[PDB]
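What follows is each chain in one-letter form.
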Amino acid sequence: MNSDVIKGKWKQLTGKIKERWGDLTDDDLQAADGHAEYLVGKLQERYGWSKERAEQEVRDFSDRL
């Protein structure tokens, strides 16, 4: 039930993440770490939510996968 498929298809999902969250910079996504915790980091960097709120939206994107 718990698997980070985001880090696997990261450089592919980048465009879909930029589509999902327009405020997220593709260049910032297409960097390094990739895995879920990096989405949270960029969500904090760009937006600035609570990690729990970030988790929810990240898993929302994971649901779309």
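Residues numbered from 1 in each chain as written, not as in the entry; some residues may be left out. Heavy atoms only, no water.

- The record lists solution NMR as the method behind this PDB entry.

Examining the environment of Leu29
Link 1 in the chain: Tracing the backbone through its elements, the reader meets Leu29 in helix α2 (residues 26–29).
Link 2 in the chain: Assessed through its relative accessible area of 1%, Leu29 is described here as buried.
Link 3 in the chain: Residues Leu29 and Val5, 24 residues apart in the sequence, show an inter-C-alpha distance of 15 Å.
Link 4 in the chain: When sequence neighbours within four positions are dropped, the list of residues in contact with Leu29 reads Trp10, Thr14, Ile17, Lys18, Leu24 and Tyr38. (Helix = DSSP H or I, 4+ residues; strand = E, 2+ residues; numbered from the N terminus. Buried < 20%, exposed > 50% of the residue type's maximum accessible area, 1.4 Å probe, protein only. Contact = heavy atoms within 4.5 Å.)

Structural notes on helix α1 (residues 10–20)
Side chains that are three or four residues apart share a direction in an α-helix, a result of its 3.6 residues per turn.
Link 1 in the chain: Residues of α1 that are buried: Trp10, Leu13, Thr14 and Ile17. Projected down its long axis, α1 carries its buried residues within an arc of 130°, all on one side.
Link 2 in the chain: Buried residues along α1 sit in contact with α2, α3 (36–46) and α4 (51–63). (Arc of directions from axis to C-beta.)

Observations concerning the packing of aromatic side chains
Link 1 in the chain: Counted according to the given criterion, the structure contains three aromatic pairs.
Link 2 in the chain: Between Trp21 and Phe61, the aromatic rings sit 6.2 Å apart at their centres with planes inclined by 40°, giving tilted as the arrangement. Note that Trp21 is positioned in the loop between α1 and α2 and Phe61 in helix α4, a separation of 40 residues in sequence. Each member of the pair, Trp21 as well as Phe61, carries the same accessibility label: buried. (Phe/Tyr/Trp six-rings, centres within 6.5 Å; stacked < 30°, edge-to-face > 60°.)

Let's talk about the nonpolar core
Link 1 in the chain: Within the largest apolar cluster, 15 residues are counted, with the highest numbers of intra-cluster contacts made by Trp10, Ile17, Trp21, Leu39 and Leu43.
Link 2 in the chain: When residues of this core are traced back to their parent elements, those giving at least two are α1, α3 and α4.
Link 3 in the chain: Residue contributions to this core peak at four residues, all from α3.
Link 4 in the chain: Once you skip the residues sitting within four places of it in the chain, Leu43 turns out to touch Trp21, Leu24, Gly48, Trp49, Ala54 and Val58. (Core = buried A, V, L, I, M, F, W, Y, C linked by side-chain atoms within 4.5 Å.)

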